Amino acid sequence: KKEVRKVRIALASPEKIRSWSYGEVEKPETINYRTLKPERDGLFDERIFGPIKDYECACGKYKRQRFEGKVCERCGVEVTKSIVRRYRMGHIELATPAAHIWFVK
Amino acid sequence: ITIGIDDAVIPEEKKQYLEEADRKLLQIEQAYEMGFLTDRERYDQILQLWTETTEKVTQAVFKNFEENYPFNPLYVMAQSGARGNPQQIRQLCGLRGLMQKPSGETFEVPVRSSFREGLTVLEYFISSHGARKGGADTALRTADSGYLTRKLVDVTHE
Amino acid sequence: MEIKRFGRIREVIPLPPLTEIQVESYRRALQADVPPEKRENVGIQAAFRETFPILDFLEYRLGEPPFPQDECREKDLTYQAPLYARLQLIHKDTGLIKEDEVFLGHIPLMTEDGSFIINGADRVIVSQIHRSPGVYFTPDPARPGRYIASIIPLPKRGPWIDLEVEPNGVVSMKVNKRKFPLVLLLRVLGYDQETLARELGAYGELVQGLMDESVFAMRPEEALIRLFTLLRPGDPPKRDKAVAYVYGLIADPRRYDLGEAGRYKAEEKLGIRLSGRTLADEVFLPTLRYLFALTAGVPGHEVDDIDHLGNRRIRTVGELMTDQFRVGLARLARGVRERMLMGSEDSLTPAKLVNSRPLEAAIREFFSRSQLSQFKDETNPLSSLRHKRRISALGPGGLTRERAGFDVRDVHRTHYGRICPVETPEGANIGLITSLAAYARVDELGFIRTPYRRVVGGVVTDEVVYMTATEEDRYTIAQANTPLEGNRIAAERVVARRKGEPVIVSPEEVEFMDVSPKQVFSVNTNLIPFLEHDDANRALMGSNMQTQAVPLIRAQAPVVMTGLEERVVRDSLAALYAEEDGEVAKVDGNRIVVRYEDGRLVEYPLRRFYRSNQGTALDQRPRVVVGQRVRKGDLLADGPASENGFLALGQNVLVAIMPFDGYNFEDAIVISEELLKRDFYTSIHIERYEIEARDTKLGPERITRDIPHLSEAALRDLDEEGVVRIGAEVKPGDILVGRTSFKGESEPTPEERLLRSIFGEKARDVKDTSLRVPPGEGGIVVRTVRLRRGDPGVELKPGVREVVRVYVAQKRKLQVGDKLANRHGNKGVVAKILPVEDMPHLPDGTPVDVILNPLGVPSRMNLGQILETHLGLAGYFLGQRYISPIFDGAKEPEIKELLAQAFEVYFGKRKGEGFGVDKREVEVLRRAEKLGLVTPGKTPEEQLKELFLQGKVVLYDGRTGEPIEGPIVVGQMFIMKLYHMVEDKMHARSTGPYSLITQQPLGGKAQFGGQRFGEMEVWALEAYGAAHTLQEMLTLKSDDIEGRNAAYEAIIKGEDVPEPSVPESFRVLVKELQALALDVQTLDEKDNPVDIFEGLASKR
Amino acid sequence: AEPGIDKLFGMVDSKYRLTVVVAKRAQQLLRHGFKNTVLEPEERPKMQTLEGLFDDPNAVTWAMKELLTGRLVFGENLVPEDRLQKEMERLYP
Amino acid sequence: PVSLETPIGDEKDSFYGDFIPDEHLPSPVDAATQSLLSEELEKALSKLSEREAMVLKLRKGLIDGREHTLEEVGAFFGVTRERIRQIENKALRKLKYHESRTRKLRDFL
Amino acid sequence: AXXXXXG
Amino acid sequence: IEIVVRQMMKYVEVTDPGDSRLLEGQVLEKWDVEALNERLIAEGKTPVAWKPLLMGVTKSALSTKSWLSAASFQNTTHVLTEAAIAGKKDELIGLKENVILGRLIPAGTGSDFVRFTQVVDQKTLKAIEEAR
Amino acid sequence: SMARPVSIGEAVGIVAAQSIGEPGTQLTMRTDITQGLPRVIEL
Amino acid sequence: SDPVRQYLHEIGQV
Amino acid sequence: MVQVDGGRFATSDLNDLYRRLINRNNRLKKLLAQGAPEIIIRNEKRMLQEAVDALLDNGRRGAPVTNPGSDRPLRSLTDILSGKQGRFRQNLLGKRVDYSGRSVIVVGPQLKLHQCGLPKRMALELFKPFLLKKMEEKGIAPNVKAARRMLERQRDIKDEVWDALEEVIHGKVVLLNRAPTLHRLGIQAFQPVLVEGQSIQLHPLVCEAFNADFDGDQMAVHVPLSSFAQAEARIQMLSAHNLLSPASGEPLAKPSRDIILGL
Ligand SMILES: [Mg+2]
Ligand SMILES: [Zn+2]
């Protein structure tokens, strides 16, 4: 409603970094070759970044817009627009901290 | 208003103007053989000579058109600002002028021919150098246009 | 009709074979018709000789092509011959000697015209120009004082050598990064100060520079080992291996190869004899003493010019092919490396060792993906010629943009007779892409040579010598147009050239003379009559546009010709000629069958209505009837764009040069409707459409006449299989091929599922993917080609079940927006088509075809079109054509004479039919004598003759019936229709596909991609201070989703366009920054974060 | 071109003001369907159809033609926005 | 896998993935026709008795995104499994009459 | 090849 | 050309940091410096001593208060690191920033001068009194 | 563009840049003192 | 740089 | 991750970097739990750092990481943000526009200064969404999907439709642009006059500002959508409202060529 008159750029605390991500990507898997679907806890996982099909969960339990914001109890996938896969951030938790090479080099 | 080959009207003066340019060249040549002049001095004198004669010939063409053919199509298009400039008009009627060498220095011997009379094959080849330079020049100029405008927008946009 | 030839200059020799450059190169490259034992060492034989022994090479042979050319084009197969290689395996200490003939894969073959068929498309390999190998002197740009020596071998063979002197006085040497005194290498060559005392000491103070106490006093092997300290670190000298790396660097022929042409350059420049193409010793000593000599200001010693054509070598098709072949062969041997150890040492065949994949991949790469391998220009025969005669400075092993400055691009004084000054692209390729001169030839050394007559004293002979750029400088060469009585020079002052300079001489001083002016220009350039009256700038454009000429159904050869027109069609082999004296038995559209004196019966099939790369129709029309006597060299059938064996690039039309009501304003052209009535400038164009049916995981894609939701109205023109019927007239939107594909994982939307039941189960598994006719396109269906998997002889890429092709033809009449051009560089689009009554007309009632604006003449300074017009008028009334040579052409007196001769046909029969002069003609003549075009007091009969002699007539304005005040130039001008055509160039978009990621508008098969709005347009809109318009350009019309959908919806509903949501360009940015671990917040005025993501980004 | 453009330029202290005003007035005429026009029936902008003269479909032409009569009142902070909207919706639903 | 961001053509001006279209999101045309489709569906669907409308809504999966068998809808309303079928058919027939009459939904296809 | 469209 | 040259003189180099947070030899826009000196002399604090500076268009662009604009031009990773550590808040002053966002440019009809203008017909002219 | 005082809100920096840049395409690339576009960028 | 060398050296120590 | 023709998959380079990062992080956690020697843990920590680098900025430190089979460096986040046809660099080339179009231009001498000839076939596509609604308002179509299906085939185009298009474009204007756009007048607004033929007809006087000639120049056309954008175009950008050079103050639209010649 209220227009944007400024744009600020600061660093990101891991606290701030995780305030973004809808889950941690825990696995080096993109999709499955057979089913052409995101692996569990992988880079494309619908559980984190959201639904591949609009207003429909992964397992297919809730297919209607009537459920919106409702997360499935089976597949664990929120029911909303798929557009959120363009937006929703993920993250990765590091065993050892790593330096941001922008600031180092 | 139309263009026939007879609308490019060579002034009679061009002959005289050119004849005088030849004798005046001999003087410059002999003065070199005696040792009065160095290479650069005779070069500069030749170029100076041909420049003078070229301007003279242009003036001759336009005075000719002015007096004897006020309504001539080339002259009218030029004077009105519709089409053409005195240099081009010159290249049609009067002499072509001195072509440039590929290295950037001027050629010693000019092109006596007009475009109506038609060029010698050699004269043509000689003109082709300046032709190329102008070509790559326009090519580059159009290659990035808005370079400067970009640099200037970057500072002045706000 | 009779053709009147002009000019006093007789050509001592004819023009060389025009495709020679492409054909002889590949001839000497392959050596297929030369028996293996008699094969000289060059090309393939050379690569084989170099790569072997590794296993030793004996011979090779080229089999016959698995398929003919036409079938190769049709089935998308590369036309090629099998390469077999006979080799033998050497068993060391085993005493065994065996052999095998291995198949190394296929080598693409060149057709008779000099093109290739690669995967079905016609490709040309463009000849590349570079620096010839050899020894040169730069000099050093850093220190203006002295010069740098340079030894350059073949591009992939050997290192780069540079010799320079520093303030230390010592002579340096360059290998790779490091520079070291060459005085160390001198000792290794077996040289001592004793031999470096006398021979190299003569030059003043140039000796002690290479004299150093420590290293010179060392034994040869000592210095040799010392060199390895410089060459590589951490490597033990290993003085037996110290012979290996040094040999390989210099003395080795296999690793180091100086060009054969470069060998010649070395022998010529340094004035010595080399026992081979290897440096080592033999070369270093004269290179050095020559360096110090040029340093010393000694006679006969020149600083090399890099742009001199003596130092510029042209590598042709055979050269490039041989290079890539050598690469693939080296990789093959690289496979043999690891394959000659692993496994059985005692037993294996040469066939077991050889893997031909690197060779096949290398050659296929060179033909498919190389920069010098490109789509043939098939627009007409002339374009196909030029594409072969083109020279590129670009490509692998050559210049690029930013690597090319004004210097490389300028026309060199040595381009005379070698490279055309006139013909080059206007754009960023200018001077880099050039076309070979007409008479120009290319030897095996790769240098362009020009023919020259030899003169003895004041006598000119018929002996013609072919000299290269270097050799040309040596003599004094007079021009070809110098007055010649019989065989002797008739002038006291003879215009000539020395070292590419206009030196005026006397007959006895003269050595050589030019053959013909035609030698100093390209083929395209040579087709321009009255070239001498055209400024080189427009002439360039003429030369370039002639290849853009589209073949016309009615195409005529020009009324005014340079004389090359016939031989162009001849050597381009677009047309059929009589092979032997004989008589023709059978003639029709599809064939010509002849019988010669030998009783040989031969059937020549005619290619009819064939789609070229550029879509122009290549069509052969038989010119000879049944029972006619043919002589060897006689034309049987006209090719595309040829009229009676003369090149026909357009039509000859009646031009009036005048302004007409601003319709010819700014180079626009006005034409008479009559042109369309007689099908002038009407071309046949064939579009090729294709569709594929592939197997998706969702199911197979079916090509069928059954398409859901389609009535019979739309299906009426499709056959059983679903393909459209041959000869059907298809407009935009009509189905060319039917196809169905499974929709959305067999998931219908629930809102659709009920409405499908309301209408009785229209619900189906498949959706309509069928190929339709794109907007603005279409025509009459001509050919169809269907290929399927599981059928004989046909196999396609993985995953695709079948492929259909619809070849549609349309005959395009000339229309507003089409591009017309003459050979003098005057170009323009038709902005108006006038009804014949509106046209300006002669007193005999004949209307003009085209109205050209005179304002186009003065600034462009091409007068060749005016003379072409005049001579064209004369030849219009005299019913004759002309041949006016370049620079040798018709002279104004002769033209005026022919005009006077035609004036009898034009005005003479007026009195014979009982008519005098119009009162209007009287008025025009009064104004004309007022303007000074006609002598006062003479009869109107004569005054009109005076006007006509100037090439001007009296025209009447067809609208008012009144005369145009003052006379107007009219006459026949040859004008071409150009491949640029408004039909192909119009585009429009409301909505369409958007990019997956970027979400910006994207090009569809049935939809336009939309215009790109660049930064400069943004600046324009800003400057205008239109904020909203720019916003639309940046939001709704672009990548923003919510707003584009809502906007379309609003326009549909009739509601005004809604305010823009944030564009994806920004969102993707924000998220990229977040992916970079940088918080980017969009703050309020109060510094309170605002959501640009419209929700959906917020946790919880 | 368009009638009385110089005068429209004269009515404002900035061209872009005239643009904003005309645009917004067009939005008003569109949303309320032209019944809120200050133009009398004979002053109504007309378009030539095959049938005959009809109301000009273009809202900007209308806004400009209204503004030229000077009957419209423009400036910054005349009223609060929401009140203006509700009043206009009450007068012309 | 073939990499996106691969140079297309002889120039670096383009990437591969630049030319890949989005079939997932609705076209401005598609989404509009779809919204109008729903509007016009529920326009003439809710203009009859809500019962026989809800029958079609449940059975065709308009709500809950699943097609209900006659037994389930008959379990929801309380009538017989044959009764729900009869009222469904009379509802569909009623919609056919309304369709032939008003010609509204004829065009979505 | 570019400029005012020779090629 | 005057406007461009003026943009070359946009920047100054401070000799004396004064009572502000600035350091010695720090390049800053003369507008902002005179702004800080207008704020600090409205206090009575000591003034900042700045040296007038001339830089060409390239540099006069490269160094700017707006990180959105400076981002496009050159070496954007550096511009961004610097902008981030300092947490630079970019008010969108210029055109380039706004087009990057997609918000109406601060010029023409996007200028705050004429943007907020309102139009009312004479019927709703008398509807303000009835509504109050 | 009109003859009268500039209207407030004008894009005038951009207009300046275009005004200078547009003819810049007409300045000579090739020539002690720099000439044409090289001189213009030198300044 | 060239962490393969680093690590291989560290291994070379043992 | 998207599948293309055949069975092959096209996907971003980023995913490989993310992958190797994850692999190394997980192997690190595992090696920590296993209580591995500090040598191996160091090595893995190092490889992890390098992986995070290559993900964030590839090649900037150490060698660039490449997928086997190609020597091309994987495009990292830094490259994406800028420098290899980057975000800020891609926004220089510009984004495509939805309502745009392009064609070859011919002289318009009959046109008044504020007009431009627009091909009917082209205008139809440009103004289509307005045209559908105008077909609904008239008796030409029952609805939107109907009219839309009606225009899908050229043979199905009624002669009543053009009468509707004439109503759509009444009062409206379009933008014409010729590249390169050197100054603002390289984009101007004209009201379109529908014409038969595939060429855009351009007024002669505006040729000077556009640097447009008739030797085969093409011009892009654009449609302002908002009543606002339309307004801006019609007052600020109208061809007949800019008669004088914003640079020199002298008239830009002036007699030239044939005009001058005749007068
Ligand atoms: Mg042009
Ligand atoms: Zn679920």
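Residues numbered from 1 in each chain as written, not as in the entry; some residues may be left out. Chains lettered and ligands numbered in written order. Part of a larger assembly, values for the part shown. Heavy atoms only, no water. Residues with missing side-chain atoms left out of burial classes, pairs and counts.

Method of structure determination, per the deposited record: X-ray crystallography was used for this entry, reaching 3.350 Å resolution.

Identification of chain J as DNA-directed RNA polymerase subunit beta' from Thermus thermophilus is taken from the PDB entry.

Under the PDB entry, chain G has the name DNA-directed RNA polymerase subunit beta' and belongs to Thermus thermophilus.

Undergrad: Summarise the interface of chain C and chain J; cite the residues concerned and give the values.
TA: Each side of the interface is counted separately: chain C has 87 residues, and chain J has 81 residues. In total, about 7,600 Å² of surface goes out of reach between chain C and chain J, with carbon and sulfur atoms giving 57% of it. Considering only the surface of chain C that becomes buried against chain J, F665, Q1011 and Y1024 of chain C emerge as the three largest contributors, covering 12% of it. Joining chain C to chain J, the criterion identifies eight salt bridges. Where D5 of chain J meets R694 of chain C, a salt bridge forms, and the shortest distance between an N and an O atom there is 3.9 Å. For the pair chain C and chain J, the interface holds 39 residue pairs in polar contact. In the side of chain C that touches chain J, the residues fall into 41 nonpolar, 21 polar and 25 charged. Of the strand pairs in this sheet, strand 53 (residues 987–988) of chain C and strand 4 (residues 101–107) of chain J are connected by two bridges, and their pairing is antiparallel. (Contact = heavy atoms within 4.5 Å. Buried area = accessible area lost by both parts, 1.4 Å probe. Salt bridge = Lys/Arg side-chain N within 4 Å of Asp/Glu carboxyl O. Polar contact = N/O pair within 3.5 Å; in protein donor to acceptor, adjacent residues only side chain to side chain. Nonpolar A, V, L, I, M, F, W, Y, C, P; charged D, E, K, R; others polar. Pairing = 2+ DSSP bridges. Helix = DSSP H or I, 4+ residues; strand = E, 2+ residues; numbered from the N terminus.)

Undergrad: Describe the sheet that holds strand 46 (residues 800–812) of chain C, and please don't skip the residues or the numbers.
TA: Taken in spatial order, the five strands line up as 39-38-46-45-40 (chain C) in an open sheet, and their pairing is antiparallel. Whereas interior strands pair on both sides, the edge strands pair on one side only; in this sheet they are strand 39 (699–700) and strand 40 (729–730) of chain C.

Undergrad: Could you give me a rundown of the pairing of strand 46 of chain C, with the residues and numbers involved?
TA: Residue and element names in this part refer to chain C. The buried count for strand 46 comes to 11 of 13 residues, which makes it a mostly enclosed element. Where strand 38 (residues 683–696) lies against strand 46, 12 bridges are found, and the strand directions are antiparallel. Note on strand 46: the bridge partner recorded for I686 is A809. When strand 45 (residues 779–788) meets strand 46, the two strands line up antiparallel, connected through eight bridges. (Buried < 20%, exposed > 50% of the residue type's maximum accessible area, 1.4 Å probe, protein only.)

Undergrad: How would you sum up the coordination of the zinc ion (ligand 2)? Please name residues and give values.
TA: Residues and elements named next belong to chain A. Around the zinc ion (ligand 2), the protein contributes the donor atoms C57 (SG), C59 (SG), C72 (SG) and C75 (SG), which lie 2.3 to 2.4 Å from the metal centre. Coordination at the zinc ion (ligand 2) is irregular, judged from the four donor atoms that bind it and the angles of 81 to 145 degrees they form at the metal. Here the donor residues of the zinc ion (ligand 2) share one chain and are spaced in sequence as C-x1-C-x12-C-x2-C. Here the residue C59 occupies a position in the loop between helix 2 (46–49) and helix 3 (101–104), and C72 occupies one in the loop between helix 2 and helix 3, the gap between them amounting to 13 residues. Residue classification places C59 among the partly exposed positions, given a relative accessible area of 34%. (Donors = N, O, S within 2.8 Å, 3.2 Å for Na, K, Ca; no water. Tetrahedral: all angles 85-135°; square planar, octahedral: opposite > 155°, others 65-115°.)

Undergrad: Give me the sheet that holds strand 2 (residues 9–11) of chain J: which residues, what numbers.
TA: As a general point, the strands of a sheet are linked pairwise by backbone hydrogen bonds and lie either parallel or antiparallel. Read across the sheet, three strands follow the order 1(E)-2(J)-1(J) without closing on themselves; strand pairing throughout is mixed. In the strand order of this sheet, the two ends are held by strand 1 (2–3) of chain E together with strand 1 (2–3) of chain J, each with one partner.

Undergrad: Help me get a handle on the interface of chain B and chain H, residues and values and all.
TA: Listed as interface residues are 12 residues of chain B and, on the opposing side, 15 residues of chain H. When chain B packs against chain H, close to 1,100 Å² is buried across both sides, 71% of that on carbon and sulfur atoms. The three residues of chain B that bury the most area against chain H are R141, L148 and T149 of chain B, which together make up 42% of that side's buried surface. Taken together, the links from chain B to chain H amount to zero salt bridges. Applying the counting criterion to the chain B and chain H interface returns two residue pairs in polar contact. Among the elements of the structure, helix 5 (121–143) and helix 6 (147–156) of chain B are those that each provide at least two residues to the side of chain B that touches chain H. The dominant element in the side of chain B that touches chain H, judged by the number of residues it contributes, is helix 6 of chain B, at five residues. Here the residues of the side of chain B that touches chain H sort into four nonpolar, six polar and two charged.

Undergrad: Let's hear about the arrangement of the chains: which residues, and what values?
TA: Contact analysis covers 24 pairs of chains in contact, and the most contacts occur between chains C and J. Nowhere do chain D and chain F come into contact; their C-alpha atoms are at least 32 Å apart. Chain E shows no contact with chain G. Their nearest C-alpha atoms sit 17 Å apart.

Undergrad: Can you tell me about the domain arrangement of chain G, naming the residues and giving the values?
TA: You can read the domains of chain G as domain 1 (11–54) and domain 2 (116–132). Relative to domain 2 of chain G, the C-alpha centre of domain 1 of chain G lies at a distance of 48 Å. (Domains from an automatic or database assignment.)

Undergrad: Give me the lowdown on the pattern of salt bridges, citing residues and values where you can.
TA: The tally for this structure, following the rule as stated, stands at 169 salt bridges over all chains. One salt bridge connects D706 of chain C with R764 of chain C, and the closest N-O pair in it is separated by 2.7 Å. Remark: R764 of chain C occurs in the loop between helix 22 (750–758) and strand 43 (766–768) and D706 of chain C occurs in the loop between strand 39 and helix 21 (712–715); sequence separation between them is 58 residues. The exposure class of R764 of chain C is partly exposed, given its relative accessible area of 44%. Between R25 of chain D and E66 of chain D there is a salt bridge, with the nearest N and O atoms lying 2.6 Å from each other. Of this pair, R25 of chain D sits in helix 2 (residues 15–31) while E66 of chain D sits in helix 3 (residues 59–69), placing them 41 residues apart in sequence. A single salt-bridge network, built from bridges that share partners, covers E50, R157, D257, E260, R263, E267, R273, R277, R315, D323 and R326 of chain C.

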